[PDB]
Amino acid sequence: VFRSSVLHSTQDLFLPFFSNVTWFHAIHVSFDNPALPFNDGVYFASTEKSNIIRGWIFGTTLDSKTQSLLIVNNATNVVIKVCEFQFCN
Amino acid sequence: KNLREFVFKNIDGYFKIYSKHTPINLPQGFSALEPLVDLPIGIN
Amino acid sequence: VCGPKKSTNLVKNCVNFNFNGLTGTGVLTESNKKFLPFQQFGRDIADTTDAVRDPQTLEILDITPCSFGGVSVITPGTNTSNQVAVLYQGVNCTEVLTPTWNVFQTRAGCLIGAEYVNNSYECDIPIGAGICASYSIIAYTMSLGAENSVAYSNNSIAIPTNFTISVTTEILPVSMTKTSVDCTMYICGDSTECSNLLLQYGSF
Amino acid sequence: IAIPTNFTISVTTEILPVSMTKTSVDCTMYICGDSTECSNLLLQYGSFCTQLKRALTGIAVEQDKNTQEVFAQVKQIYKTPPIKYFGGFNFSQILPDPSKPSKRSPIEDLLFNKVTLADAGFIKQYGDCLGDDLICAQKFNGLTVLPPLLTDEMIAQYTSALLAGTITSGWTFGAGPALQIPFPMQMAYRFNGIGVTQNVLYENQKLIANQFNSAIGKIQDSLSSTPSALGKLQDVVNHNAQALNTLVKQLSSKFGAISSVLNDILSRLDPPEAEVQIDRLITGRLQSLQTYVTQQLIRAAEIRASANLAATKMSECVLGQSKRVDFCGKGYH
Amino acid sequence: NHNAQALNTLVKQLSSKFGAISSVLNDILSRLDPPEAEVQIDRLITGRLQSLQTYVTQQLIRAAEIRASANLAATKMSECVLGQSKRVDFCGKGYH
Amino acid sequence: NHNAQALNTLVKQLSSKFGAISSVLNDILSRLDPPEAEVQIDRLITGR
Amino acid sequence: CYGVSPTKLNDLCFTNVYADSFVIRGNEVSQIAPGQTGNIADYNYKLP
Amino acid sequence: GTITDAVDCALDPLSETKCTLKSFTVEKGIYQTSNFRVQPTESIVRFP
């Protein structure tokens, strides 16, 4: 909704200010990266101007028992499909 | 250097997506995210 | 996705509009608002639709109610005359419909039916913004009082040589008529099933 | 026993409200804006609209009567003499200045500039209601502010006439004809009223005039530096503005309905089930209007009491000399 | 006149329906069964109670105004009649 | 005494039903489903 | 029809309409509704 | 019980004031009648 010069108060899911968020650092040198919880949602942030991670897994058990969303970003015509995927460790 | 933010929500089986890119020099300030995709997956 | 209904030609500047089922009445003019691509409707402080995006063209048009204002009628005593005046308060004479039915623009509104004069008199009918009307119906600026000057000096004094004993009246109310209202007999017409529900409201 | 050998002529300010902003609310445009069947359903509630109209008209007439009784107390408009000399006392700070477009004193100019009115009720050319407001939003929903009867120029002229009568007649202009009298003689009579001999004045008129000028200067400096001088009026203005904002915001409430917009309910539901939804909004808006009218009546009664007190203080201190302690300021008035 | 008009308005407010099918109580009692008559009886009672509360509020405000006026009148009596008050413009215009 | 009586009346007004089945909110919430309990909760809130 | 009228429906717009489809038992039709409880409304399909 | 007088409230402003005050005799004064509103001339229908 378009609003201008008006103080609007709303009650919904937001991120509390001055909150302690976890900053992860994934490195590959060439098990250890468990699935992070999704309690009532999550806030993702990134500042990488390259082919670094641009996708997120969504599920509850991730063993082809229930549905699971798979969002993968790429150059053009990204694929978003929810299915019983057998995710790796 | 550009900062890419994302917000994912799962309310009444309706998946919400909020994202908006803001160039940076987590700096101080405010930057509202825009709703982009809203798909009814209806999964836990 | 919408229902089957043929669209009409867009007319700007007082016609009824229908933007995606949102019915209303008001004029449509250009706007400079920076509406976002995912934003379709507008909303002001009073939670009313002030701007809307057209389904066909991506332009934004403002929604403003048509011309309106209060209608104050100035009328003398019925046994005196029947001619009356009309005062469109808050509306200029260049702007002034719902009602089926000598023009001077005042600071409080356009007054039609009263001739404005230059000579001032005592205020009879309060019109607004220091203007008062009196009976034909004429408009005039109310006079604050008789202009008088005091001959002040360093060695001038005025002492009365006589006096006039006068009596002034003053009416002040002391009480009014008492009133006793029976809730049961007033709200309920001597009905028992009505009193059974009235007693559920407590000790009002 | 302690007897003072000197004295200080001080001046104390006192702010008292006389009136407030008028308000005229149309029930039809507020509750049933651009709707037909809504008005048909509202007409079944009786003459509550007529009650609200009578209440607002009575409030306006009462405010006008209070203003007339407070300011318009004399029958003649007395002008100031051209020779601005009163035995050394300088009244240029309280006399109106003809150089300004409005005949107001430098003190009255600051008093009017420190108070910012939300809406005076002037003419709107409809060009400011569109494009790049709270006043327009309130007007579009029936909240109309009416200007007072006596304008600022008439109030300034009344104040100047009262000041001229006080400085040129003492207290005789209020009880009868304005009898001319020198200002030092008026001060001598004032000192004799409180039990002070006139020889003190006849010997220290220069010192008394200097103290009066210094007090006027300090009062002007305090009015220019301290913004909380007119707080008693600023609070009333802010209360009226907040009441108008709350009354125009209450239209956003649903009162248990599916939506606050009448057109949405009329287009989404059929009349058999839309009447019961519009009835809730009508009842909620009627209750809000009744609460607003009750609050406005309470504020009008308070303003009437304050205006009666201010008129009494005027008639006692300005048009005469009152021996009541702590009435015309602290100290021997 | 204000008291009489308030009384007339309070006795006329009974003509209102407040969304009901009729303002007459017996008509609703004889035309609808209690399963569907209480929904209108409640609306009628609520409307009449709101009218009564509005009338009581107006009467309380008028009574407060009359109390202030009566206190002022008693003060003026005790000052001007039972004595001599030197207050200007209190016991009428002029030297009382 | 007037202040105390006003407080007592305001705390007693909660005992009223205002046309509902009961003056207790938990009873209405446990006996009826929200689709048919909101119509009574609204009456209770309006009366209070 | 909750919130909308069955007859006054061809004169409105919608953002995205999703037509669900599922076959339940005859005695389970009273459970597919907002605020209702039961086996289906708690384990298979629930309305907000 | 017979009709002896009538007033067309939409004829003249004096008749409107008479209908608003519910009396045939209007004393000297100013009265605020019903507000005027510009009626719509056309209907605009906008759909994709």
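Calculation rules
- Residues numbered from 1 in each chain as written, not as in the entry; some residues may be left out.
- Chains lettered and ligands numbered in written order.
- Part of a larger assembly, values for the part shown.
- Heavy atoms only, no water.
- Contact = heavy atoms within 4.5 Å.
- Buried area = accessible area lost by both parts, 1.4 Å probe.
- Salt bridge = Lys/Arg side-chain N within 4 Å of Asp/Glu carboxyl O.
- Pairing = 2+ DSSP bridges.
- Helix = DSSP H or I, 4+ residues; strand = E, 2+ residues; numbered from the N terminus.
- Axes fitted to C-alpha atoms, helices over the stretch in contact; angles between N-to-C directions.
- Disulfide = S-S within 2.5 Å.
- UniProt positions renumbered as here; feature names shortened; annotations may be inferred.
- Buried < 20%, exposed > 50% of the residue type's maximum accessible area, 1.4 Å probe, protein only.
- Parallel < 35°, antiparallel > 145°, perpendicular 65-115°, else oblique.
- Left-handed = near helix turned anticlockwise from the far one by under 90°.
- Nonpolar A, V, L, I, M, F, W, Y, C, P; charged D, E, K, R; others polar.

Further remarks concern the interface of chain A and chain B. Listed as interface residues are 23 residues of chain A and, on the opposing side, 17 residues of chain B. With both sides pooled, the region where chain A packs onto chain B buries about 1800 Å², and carbon together with sulfur makes up 68% of that total. Of all residues in chain A, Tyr43, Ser46 and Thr47 of chain A give up the largest surface area on contact with chain B, accounting jointly for 22% of the area buried on that side. Where chain A packs against chain B, one counts 1 salt bridge.

This part covers the sheet that holds strand β7 (residues 103-105) of chain C. Ordered in space as β7(C)-β8(C)-β6(C)-β5(C)-β1(H), the 5 strands form an open sheet in which the pairing is antiparallel. Here the strands that pair on one side only, and so sit at the sheet edges, are β7 of chain C together with β1 (29-37) of chain H. On average, adjacent strands in this sheet sit at an angle of 20 degrees to one another, irrespective of strand direction. Examined bridge by bridge, β7 of chain C and strand β8 (residues 109-112) of chain C share 3 bridges and lie antiparallel to one another. Residue pairing for β8 of chain C: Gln105 of chain C is matched across the bridge by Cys110 of chain C. Against the sheet, helix α1 (residues 13-21) of chain H contacts β5 (68-75) and β6 (85-89) of chain C together with β1 of chain H, and its axis sits at roughly 100 degrees relative to β1 of chain H.

Residue and element names in this part refer to chain C. For the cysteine pair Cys93 and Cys110, annotated in UniProt as disulfide-linked, the sulfur atoms lie 2.0 Å apart, consistent with the bond being present. Between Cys123 and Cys132, where UniProt annotates a disulfide, the S-S separation is 2.0 Å; being under 2.5 Å, the link is counted as present. With a relative accessible area of 29%, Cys123 lands in the partly exposed category.

Attention now moves to the environment of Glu115 of chain C. Residue and element names in this part refer to chain C. Position of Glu115 relative to the elements: it lies in strand β9 (residues 115-116). For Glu115, a relative accessible area of 52% translates into the label exposed. For the pair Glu115 and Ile127, spaced 12 residues apart in the sequence, the C-alpha separation amounts to 14 Å. Aside from chain neighbours lying at most four places away, what touches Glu115 is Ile137, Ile138 and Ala139.

Moving on, we come to the arrangement of the chains. In this assembly, 16 pairs of chains are in contact, and the pair with the greatest number of contacts comprises chains C and H. In this assembly chain A lies apart from chain F, the nearest approach of their C-alpha atoms being 21 Å. As for chain F relative to chain B, no contact occurs, and the smallest C-alpha gap between them is 18 Å.

Right, let's talk about the pattern of salt bridges for a bit. Counted under the stated rule, the structure contains 23 salt bridges over all chains. The partner of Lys65 of chain D in a salt bridge is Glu69 of chain D, and the shortest N-O contact between them spans 3.3 Å. You can see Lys65 of chain D and its partner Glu69 of chain D sitting in helix α3 (residues 48-71), 4 residues apart, about one turn around the helix. Accessibility expressed as a relative area gives 37% for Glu69 of chain D, which makes it partly exposed. Between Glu316 of chain D and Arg87 of chain E there is a salt bridge; the shortest N-O distance is 2.7 Å. Here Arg87 of chain E lies in the segment after α3 (34-81) and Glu316 of chain D lies in helix α12 (residues 271-318), a pairing that spans two chains. Take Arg87 of chain E: its relative accessible area is 17%, and that puts it in the buried class. If you follow the salt bridges from partner to partner, you end up with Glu316 and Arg324 of chain D together with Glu79 and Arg87 of chain E in one network.

Attention now goes to the packing of α3 of chain D against α12 of chain D. All names here are of chain D. Close contact between α3 and α12 brings their axes to 10 Å; oriented N to C, the two are set at 15 degrees. Classified by the interaxial angle, the pair formed by α3 and α12 is roughly parallel. Every pair of crossing elements has a handedness; the one defined by α3 and α12 is left-handed. Of the residues contributing to the contact of α3 with α12, the split by class is 14 nonpolar, 5 polar and 3 charged.

Phi is positive for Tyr126 of chain D, which is not a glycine, with a value near 65 degrees. On the secondary structure map, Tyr126 of chain D appears in the loop between α4 (106-114) and α5 (134-139). On the basis of relative accessible area, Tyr126 of chain D is assigned to the buried category, the value being 19%. Despite not being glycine, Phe18 of chain E has its phi angle at roughly 55 degrees, a positive value. The residue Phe18 of chain E is located in the loop between α1 (2-12) and α2 (25-31) in this model.

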